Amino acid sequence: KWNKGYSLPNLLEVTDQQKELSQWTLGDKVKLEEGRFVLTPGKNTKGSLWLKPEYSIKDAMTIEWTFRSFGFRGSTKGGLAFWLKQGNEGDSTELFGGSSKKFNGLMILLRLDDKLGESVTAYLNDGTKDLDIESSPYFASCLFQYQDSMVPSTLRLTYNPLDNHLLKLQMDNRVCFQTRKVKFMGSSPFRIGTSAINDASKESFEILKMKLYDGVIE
């Protein structure tokens, strides 16, 4: 059902890290520890997980990330990003440990937004300008509690070009937003990943599971 080539293996069940994670790039301080990835294991650390192969959609797709933030509740500029990006590259991690401020794609961000607070905010960039997280606009949002939970959450992104590019984003099976503004994935290969950065308070951003499906799931 899920596309193994564009998913994480069951992390707990991994016996050969090198073989079963061959399709993934571990960036910066991310470590596999007792069955999950800790993106930000230390004070003021960054980490990322990126799929090596670019993904080309057939009809529709679903991406499900299972994540949590553990160990810290309070004020911080740290956050956790989920990315769909297209076009060339660079090695920048200036934006949430994951990207240049100038990128072409979609960033779905869990952070303390300066006006919403604890939230999911979704941003599009077309590669021509620097995203300033304070002043650049997001196109969609919801309020969502994530700090300091052992209990993980699932972000589910469904995207169907055949339904005029309907993208739905659910958090724990509840709709955060729906949009038809994100169209680039229908007609171009793109890269899939996640990244996070914390501060000295040592917020632990963690990835427990990731699955991609070559369709819209019931």
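Counting begins at 1, following the sequence as shown.
Per the PDB record, of the two stretches 80-88 and 136-144, 80-88 carries the greater mean B-factor over its C-alpha atoms.
Taking the mean C-alpha B-factor of each stretch as recorded, 157-165 and 62-70 are not equal, and the higher mean is that of 157-165.
Residue-level inspection of the entry shows that, of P41, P152, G35, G186, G186 has the top Cα B-factor. Out of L116, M107, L110, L131, it is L131 whose C-alpha atom has the highest B-factor in the PDB entry. Remark: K209 belongs to the lowest third of its chain, ranked by C-alpha B-factor as recorded. The entry lists a Cα temperature factor for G27 that places it in the middle third of the chain's modelled residues. Sorting the modelled residues of the chain by their CA temperature factor places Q17 in the highest third. When all modelled residues of the chain are sorted by CA temperature factor, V175 is found within the middle third. Per the deposited record, the Cα B-factor of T121 falls in the lowest third when ranked against the other modelled residues of its chain.
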